[PDB]
Amino acid sequence: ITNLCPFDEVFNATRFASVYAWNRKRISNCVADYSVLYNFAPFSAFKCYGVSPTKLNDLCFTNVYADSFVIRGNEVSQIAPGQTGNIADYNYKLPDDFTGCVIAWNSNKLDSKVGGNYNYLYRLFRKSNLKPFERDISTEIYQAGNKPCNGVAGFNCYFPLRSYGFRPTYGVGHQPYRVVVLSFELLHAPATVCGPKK
Amino acid sequence: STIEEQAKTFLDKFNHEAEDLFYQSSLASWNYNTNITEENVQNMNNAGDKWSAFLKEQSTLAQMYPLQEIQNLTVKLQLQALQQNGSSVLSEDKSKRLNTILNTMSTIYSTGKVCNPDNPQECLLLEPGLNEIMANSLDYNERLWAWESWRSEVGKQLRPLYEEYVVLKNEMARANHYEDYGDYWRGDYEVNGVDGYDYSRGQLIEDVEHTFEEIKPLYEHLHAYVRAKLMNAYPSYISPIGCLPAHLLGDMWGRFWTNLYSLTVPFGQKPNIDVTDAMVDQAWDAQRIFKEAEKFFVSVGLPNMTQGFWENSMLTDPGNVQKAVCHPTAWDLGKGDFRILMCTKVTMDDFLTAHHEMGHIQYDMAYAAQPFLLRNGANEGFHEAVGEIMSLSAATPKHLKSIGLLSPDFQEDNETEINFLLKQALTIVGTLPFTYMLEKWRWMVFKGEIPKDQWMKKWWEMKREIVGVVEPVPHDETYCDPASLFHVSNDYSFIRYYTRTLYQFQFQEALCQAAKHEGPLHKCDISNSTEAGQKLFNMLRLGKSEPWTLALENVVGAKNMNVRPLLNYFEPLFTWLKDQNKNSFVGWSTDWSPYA
Ligand SMILES: *[C@@H]1O[C@H](CO)[C@@H](O[C@@H]2O[C@H](CO)[C@@H](O)[C@H](O)[C@H]2NC(C)=O)[C@H](O)[C@H]1NC(C)=O
Ligand SMILES: *[C@@H]1O[C@H](CO)[C@@H](O)[C@H](O)[C@H]1NC(C)=O
Ligand SMILES: *[C@@H]1O[C@H](CO)[C@@H](O)[C@H](O)[C@H]1NC(C)=O
Ligand SMILES: *[C@@H]1O[C@H](CO)[C@@H](O)[C@H](O)[C@H]1NC(C)=O
Ligand SMILES: *[C@@H]1O[C@H](CO)[C@@H](O)[C@H](O)[C@H]1NC(C)=O
Ligand SMILES: *[C@@H]1O[C@H](CO)[C@@H](O)[C@H](O)[C@H]1NC(C)=O
Ligand SMILES: *[C@@H]1O[C@H](CO)[C@@H](O)[C@H](O)[C@H]1NC(C)=O
Ligand SMILES: [Zn+2]
């Protein structure tokens, strides 16, 4: 039992990353207790796109990835294979062959402020859609127009990143939502992460 | 590479920025209105100034997209809404002059007082203190004094102000590619780009009149009955053959004949349905009233209220150490923030107003999914009509009998529906001629058939004919009678109320046909009818994304403003008035005047 995974750190972290700079944690070699995935009892959406959660703590994989970020309430449905929108296209893209889980819970009490919590960003403008499981943290003026922007944000030259201004009085569709998506990489290697030895 | 996609990207940026700043401004305004203090005023002004500056910057940025090559109705409509120049098209001197003229008129109307030469310490403002004289007094001479003094001290002093206002606003409209400021106001209904649903700015003029020639019989019979009920109150002062004197209407300008109910009540012995005593005996509070309102809205099929609405809204007066505005309002702060501001008491009127305001909020929730610029009613008359049909269906005896306020033993004798319809007609159909005539006069003044030499001469000439109201004193050109009203000297269109009144009954009759109603229209309750709720929601969720003709067709089934539902609503009252008007002249002769 003294090989517990760092899930209790990724779910309970006091600082989640922005969706455009989502944080990836590599769970490498330790006992994967998938039954402790109830840190926040009212999970808004705990949806597994692969093995069922009942059978989750039984399979053995070679690597686990935990991609953690914070998005809007109505933008949670975009964390799914084959979705469109700002998050899926320019911020975080999940492949249609995704094997893993998506765990999103409301965090209005944590990631909101009375004056507006302008600490979470998202990429509003991008030249082309993101490929699955690849990131883009560059802050370069998006040339919507045709005249060269010359690196100056003006007419037809937009800064690509816009801030989620989170406030506690928002509706549940505009309130902060912390999302951790677990991707279970099973590869041609010995399966390090295993289920509890119960 | 094309303007249509650069415009889309610009709108994508503008939607988010505008939503953020608008939410900040609305939150500041709400914090002021519920917590009247000193620093809240500065917060509200700063937020409003920031919002206005951002709106002006985005408006001047949106001019670079010609809108001619944008073959997408949604983007074109959003840019057209965002591209309006407004007062920023004239010279700075002329714009400053117009702003000063508007502010002076607004302040002098707000600070309007009455001077009594008999006693200098008898100053009264338009605040209800003067309103009891024009709404409850039974003295011809006192009412005449109040009317004449108000038209002499405020009306006479707003003549050159309005005279220069007309010229400045006409210049603004002509610089804004409109033949008139009246054309500017009529542009709130213009629809172009979509085939079959096109509707012209001038097409309003021939429609509002076309739906008014069918109002003349019912309003004429109502006027005849009201007149017949005023010779007994005012002997030898009404002249049955003649018109109604202007200062005896139960209101300062005769907008609503609501206060005439106590004088022209059909059956005095029978009373009105007043469940105030029942709902104060059953230990009801504001929270219970709003819970019943959302129960009604869920029963009809619409979604219930947001969880944040119950904790953020102010439903009961906090007046222990605080101040607020008593006006019941519905607030759409943006980003899923919906609130209701009213000092609700245990009263039937508060029940109906809660239903009306929560209908406003339900409409806001319905079109909350649309982009920021398209988050409004399909035209200026849909918010108020949608809110009003809720109170229309809430006040029926079969709804109060269901919720328990009216005990399930009430007998609806046919003498009581006559009282109810007459009370409601003194407010609903008693304002249509006044609204139509005032808006027509103001349109004619703006466009130019009425010269400044004949501003008064036409105003009463219309008032003696369209609405059948005769002045008691021969006002000269010095006076400005149609400037004393609140809406006229405040940059507010007034045909909105006419269109709202017609849309109210159109929507009500449509949702009754969807609810399998059987009897008369005035006994309709659309509760527990998911069909009516779905039919209404189809139009509610559209917002401005579709032409108002299409939205009206989404519920009514006809893409034009029709008056027949209104006449169907008052049909029993119309029959009773026709029977009751025997042995009494129906109509009026303009060739009479009390002063002569
Ligand atoms: C709409 O339906 C409701 C129930 O579905 C009815 O209102 C009352 O509901 C209480 C619930 O305990 C019951 O006494 C009856 O079902 C109803 N009472 C009466 C006197 O009708 C009613 O059918 C509808 N409510 C309205 C129209 O307000
Ligand atoms: C999880 O975080 C909370 C703070 O929200 C704190 O009690 C502690 O860091 C964690 N709780 C545990 C490990 O029980
Ligand atoms: C809001 O009202 C309360 C009184 O209950 C008081 O704190 C003050 O008047 C207002 N708040 C602020 C921050 O001004
Ligand atoms: C117009 O643009 C909007 C937003 O991009 C799009 O949803 C709509 O489909 C477009 N109109 C047509 C006819 O495709
Ligand atoms: C607003 O002003 C601009 C400035 O040239 C003008 O081109 C345009 O026609 C005006 N009217 C609009 C945008 O409706
Ligand atoms: C509203 O209805 C929903 C069901 O869709 C549910 O949250 C609950 O019954 C109601 N919530 C509130 C706050 O009224
Ligand atoms: C309907 O009302 C009339 C008077 O308005 C009355 O004479 C008649 O008896 C009523 N019908 C009834 C009570 O059935
Ligand atoms: Zn209102």
# chains A, B, ... in the order shown; residues from 1 in each chain; ligands from 1

$ closest_atom_pairs --of "chain A" --to "ligand 2" --cutoff "12 Å" --atoms "only C-alpha atoms and all ligand atoms" --output "CSV"
residue,atom,partner,partner_atom_place_in_ligand_line,distance
A:6,CA,ligand 2,13 (C),11.2
A:7,CA,ligand 2,13 (C),10.7
A:8,CA,ligand 2,13 (C),6.9
A:9,CA,ligand 2,1 (C),8.0
A:10,CA,ligand 2,1 (C),10.1
A:11,CA,ligand 2,1 (C),8.4
A:12,CA,ligand 2,1 (C),4.9
A:13,CA,ligand 2,2 (O),7.1
A:14,CA,ligand 2,5 (O),7.2
A:15,CA,ligand 2,5 (O),10.9
A:36,CA,ligand 2,13 (C),11.5
A:38,CA,ligand 2,14 (O),11.5
A:39,CA,ligand 2,1 (C),7.9
A:40,CA,ligand 2,1 (C),9.6
A:107,CA,ligand 2,5 (O),11.1
A:109,CA,ligand 2,5 (O),10.7
A:110,CA,ligand 2,5 (O),8.9

$ write_last_selection --atoms "N, CA, C and O atoms" --output "compact mmCIF listing (two decimals), in the first residue's frame"
# COMPACT_ATOMS: atom_id res chain seq x y z
N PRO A 6 0.48 9.74 -7.28
CA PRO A 6 0.33 11.15 -6.88
C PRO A 6 -1.00 11.77 -7.27
O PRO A 6 -1.08 13.00 -7.39
N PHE A 7 -2.03 10.96 -7.54
CA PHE A 7 -3.36 11.51 -7.83
C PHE A 7 -3.79 12.51 -6.77
O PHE A 7 -4.27 13.61 -7.09
N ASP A 8 -3.61 12.17 -5.49
CA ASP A 8 -4.00 13.06 -4.40
C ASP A 8 -3.32 14.41 -4.48
O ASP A 8 -3.69 15.32 -3.73
N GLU A 9 -2.33 14.57 -5.35
CA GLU A 9 -1.68 15.84 -5.63
C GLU A 9 -2.28 16.55 -6.83
O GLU A 9 -2.51 17.77 -6.78
N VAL A 10 -2.55 15.83 -7.92
CA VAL A 10 -3.06 16.48 -9.13
C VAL A 10 -4.50 16.95 -8.94
O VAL A 10 -4.87 18.04 -9.38
N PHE A 11 -5.33 16.14 -8.27
CA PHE A 11 -6.71 16.53 -8.04
C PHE A 11 -6.81 17.62 -6.99
O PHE A 11 -7.63 18.54 -7.11
N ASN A 12 -5.99 17.54 -5.95
CA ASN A 12 -6.06 18.44 -4.81
C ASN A 12 -5.07 19.59 -4.90
O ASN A 12 -4.84 20.28 -3.90
N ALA A 13 -4.46 19.80 -6.07
CA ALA A 13 -3.52 20.90 -6.22
C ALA A 13 -4.22 22.24 -6.01
O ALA A 13 -5.36 22.43 -6.42
N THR A 14 -3.51 23.16 -5.37
CA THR A 14 -4.06 24.48 -5.07
C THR A 14 -3.93 25.45 -6.23
O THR A 14 -4.42 26.59 -6.13
N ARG A 15 -3.29 25.05 -7.33
CA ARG A 15 -3.09 25.94 -8.48
C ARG A 15 -3.18 25.09 -9.74
O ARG A 15 -2.24 24.37 -10.07
N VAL A 36 -9.74 5.89 -5.49
CA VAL A 36 -9.62 7.06 -4.63
C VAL A 36 -9.96 8.31 -5.44
O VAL A 36 -9.83 9.44 -4.95
N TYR A 38 -12.31 10.14 -5.86
CA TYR A 38 -13.48 10.83 -5.35
C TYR A 38 -13.06 11.94 -4.40
O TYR A 38 -13.64 12.13 -3.33
N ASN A 39 -12.01 12.68 -4.78
CA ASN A 39 -11.54 13.79 -3.96
C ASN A 39 -12.63 14.84 -3.79
O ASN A 39 -12.85 15.35 -2.69
N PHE A 40 -13.31 15.18 -4.88
CA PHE A 40 -14.46 16.08 -4.86
C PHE A 40 -15.69 15.20 -5.07
O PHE A 40 -15.95 14.74 -6.18
N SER A 107 -15.57 24.37 -9.48
CA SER A 107 -14.66 24.97 -8.50
C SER A 107 -14.93 26.46 -8.38
O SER A 107 -14.02 27.29 -8.41
N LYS A 109 -15.99 28.11 -5.74
CA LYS A 109 -15.47 28.66 -4.49
C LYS A 109 -13.96 28.89 -4.55
O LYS A 109 -13.44 29.76 -3.85
N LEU A 110 -13.25 28.13 -5.38
CA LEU A 110 -11.79 28.18 -5.43
C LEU A 110 -11.26 29.14 -6.48
O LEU A 110 -10.42 29.99 -6.17

$ residues_around --residues "residue B:264" --least-positions-apart "3" --cutoff "9 Å" --atoms "only C-alpha atoms" --output "ChimeraX atom specification"
/B:225-230,260-261,422

$ write_last_selection --atoms "N, CA, C and O atoms" --output "compact mmCIF listing (two decimals), in the first residue's frame"
# COMPACT_ATOMS: atom_id res chain seq x y z
N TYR B 225 -69.83 55.04 -23.29
CA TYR B 225 -70.23 54.59 -21.96
C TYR B 225 -69.57 55.43 -20.87
O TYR B 225 -70.23 55.85 -19.91
N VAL B 226 -68.27 55.69 -21.01
CA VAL B 226 -67.55 56.48 -20.01
C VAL B 226 -68.14 57.88 -19.92
O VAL B 226 -68.38 58.41 -18.83
N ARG B 227 -68.42 58.49 -21.08
CA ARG B 227 -69.06 59.80 -21.09
C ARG B 227 -70.41 59.74 -20.38
O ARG B 227 -70.70 60.57 -19.52
N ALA B 228 -71.23 58.73 -20.71
CA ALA B 228 -72.54 58.60 -20.09
C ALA B 228 -72.43 58.43 -18.58
O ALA B 228 -73.36 58.78 -17.85
N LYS B 229 -71.30 57.91 -18.10
CA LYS B 229 -71.07 57.78 -16.67
C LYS B 229 -70.39 59.00 -16.06
O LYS B 229 -69.94 58.94 -14.91
N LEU B 230 -70.29 60.11 -16.80
CA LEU B 230 -69.69 61.34 -16.29
C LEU B 230 -70.63 62.54 -16.21
O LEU B 230 -70.30 63.50 -15.50
N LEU B 260 -60.74 56.01 -13.67
CA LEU B 260 -62.15 56.17 -13.97
C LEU B 260 -62.97 54.94 -13.60
O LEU B 260 -64.20 54.99 -13.68
N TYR B 261 -62.32 53.84 -13.19
CA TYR B 261 -63.06 52.63 -12.84
C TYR B 261 -63.96 52.86 -11.64
O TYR B 261 -65.11 52.39 -11.63
N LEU B 422 -64.22 45.52 -18.17
CA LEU B 422 -64.28 46.98 -18.25
C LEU B 422 -63.11 47.62 -17.53
O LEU B 422 -62.53 48.59 -18.03

$ residues_around --residues "residue A:177" --least-positions-apart "5" --cutoff "6 Å" --atoms "only C-alpha atoms" --output "MDAnalysis selection string"
chainID A and resid 70:73 105:107

$ write_last_selection --atoms "N, CA, C and O atoms" --output "mmCIF file, in the first residue's frame"
data_model
loop_
_atom_site.group_PDB
_atom_site.id
_atom_site.type_symbol
_atom_site.label_atom_id
_atom_site.label_comp_id
_atom_site.auth_asym_id
_atom_site.auth_seq_id
_atom_site.Cartn_x
_atom_site.Cartn_y
_atom_site.Cartn_z
ATOM 1 N N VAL A 70 -8.329 24.387 -16.192
ATOM 2 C CA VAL A 70 -9.582 24.977 -15.733
ATOM 3 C C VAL A 70 -10.284 25.615 -16.922
ATOM 4 O O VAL A 70 -9.679 26.407 -17.652
ATOM 5 N N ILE A 71 -11.560 25.277 -17.111
ATOM 6 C CA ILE A 71 -12.346 25.826 -18.211
ATOM 7 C C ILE A 71 -13.692 26.323 -17.700
ATOM 8 O O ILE A 71 -13.960 26.303 -16.496
ATOM 9 N N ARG A 72 -14.540 26.773 -18.618
ATOM 10 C CA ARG A 72 -15.851 27.307 -18.291
ATOM 11 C C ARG A 72 -16.855 26.176 -18.081
ATOM 12 O O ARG A 72 -16.600 25.012 -18.394
ATOM 13 N N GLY A 73 -18.019 26.536 -17.538
ATOM 14 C CA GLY A 73 -19.034 25.532 -17.260
ATOM 15 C C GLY A 73 -19.611 24.904 -18.514
ATOM 16 O O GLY A 73 -19.758 23.682 -18.599
ATOM 17 N N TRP A 105 -15.028 18.942 -12.292
ATOM 18 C CA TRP A 105 -15.848 19.321 -11.151
ATOM 19 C C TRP A 105 -15.869 20.834 -11.008
ATOM 20 O O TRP A 105 -14.874 21.508 -11.284
ATOM 21 N N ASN A 106 -17.016 21.358 -10.578
ATOM 22 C CA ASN A 106 -17.160 22.792 -10.376
ATOM 23 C C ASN A 106 -16.253 23.259 -9.248
ATOM 24 O O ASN A 106 -16.181 22.630 -8.189
ATOM 25 N N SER A 107 -15.566 24.373 -9.476
ATOM 26 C CA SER A 107 -14.658 24.967 -8.503
ATOM 27 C C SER A 107 -14.926 26.458 -8.377
ATOM 28 O O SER A 107 -14.016 27.288 -8.414
#

$ closest_residue --among "B:321, B:512, B:293, B:246" --to "ligand 1" --atoms "only C-alpha atoms and all ligand atoms"
B:293

$ atom_distance --atom1 "atom CA of residue B:590" --atom2 "atom CA of residue B:465"
6.5 Å

$ interface_residues --of "chain B" --to "chain A" --cutoff "9 Å" --atoms "only C-alpha atoms" --output "list in words"
residues 1, 2, 3, 5, 6, 7, 9, 10, 12, 13, 16, 17, 20, 61, 306, 307, 308, 312, 334, 335, 336, 337 and 338 of chain B

$ residues_near_ligand --ligand "ligand 4" --cutoff "7 Å" --atoms "only C-alpha atoms and all ligand atoms" --output "list in words"
residues 8, 72, 73, 74 and 75 of chain B

$ residues_near_ligand --ligand "ligand 5" --cutoff "8 Å" --atoms "only C-alpha atoms and all ligand atoms" --output "PDB file with N, CA and C atoms, in the first residue's frame"
ATOM      1  N   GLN B  63     -16.775  50.323 -38.635  1.00  0.00           N
ATOM      2  CA  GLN B  63     -17.084  51.019 -39.878  1.00  0.00           C
ATOM      3  C   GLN B  63     -16.196  50.571 -41.030  1.00  0.00           C
ATOM      4  N   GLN B  80     -24.314  45.651 -38.333  1.00  0.00           N
ATOM      5  CA  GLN B  80     -25.234  46.764 -38.536  1.00  0.00           C
ATOM      6  C   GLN B  80     -25.691  47.344 -37.205  1.00  0.00           C
ATOM      7  N   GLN B  83     -22.588  49.233 -35.962  1.00  0.00           N
ATOM      8  CA  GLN B  83     -22.066  50.297 -36.810  1.00  0.00           C
ATOM      9  C   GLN B  83     -22.850  51.598 -36.707  1.00  0.00           C
ATOM     10  N   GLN B  84     -23.846  51.676 -35.829  1.00  0.00           N
ATOM     11  CA  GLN B  84     -24.681  52.868 -35.743  1.00  0.00           C
ATOM     12  C   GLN B  84     -23.861  54.046 -35.232  1.00  0.00           C
ATOM     13  N   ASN B  85     -23.852  55.140 -35.999  1.00  0.00           N
ATOM     14  CA  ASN B  85     -23.088  56.318 -35.600  1.00  0.00           C
ATOM     15  C   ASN B  85     -23.749  57.042 -34.435  1.00  0.00           C
ATOM     16  N   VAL B  89     -22.238  61.783 -35.327  1.00  0.00           N
ATOM     17  CA  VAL B  89     -22.112  62.060 -36.752  1.00  0.00           C
ATOM     18  C   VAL B  89     -22.127  63.556 -37.060  1.00  0.00           C
ATOM     19  N   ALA B 175     -28.145  62.950 -41.435  1.00  0.00           N
ATOM     20  CA  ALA B 175     -26.750  62.537 -41.505  1.00  0.00           C
ATOM     21  C   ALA B 175     -26.584  61.038 -41.294  1.00  0.00           C
ATOM     22  N   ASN B 176     -27.574  60.375 -40.695  1.00  0.00           N
ATOM     23  CA  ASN B 176     -27.540  58.934 -40.482  1.00  0.00           C
ATOM     24  C   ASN B 176     -28.290  58.160 -41.563  1.00  0.00           C
ATOM     25  N   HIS B 177     -28.453  58.745 -42.752  1.00  0.00           N
ATOM     26  CA  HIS B 177     -29.102  58.086 -43.889  1.00  0.00           C
ATOM     27  C   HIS B 177     -30.559  57.735 -43.591  1.00  0.00           C
TER      28      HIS B 177
END

$ residues_near_ligand --ligand "ligand 3" --cutoff "8 Å" --atoms "only C-alpha atoms and all ligand atoms" --output "PyMOL selection string"
chain B and resi 31+34-40+321-322
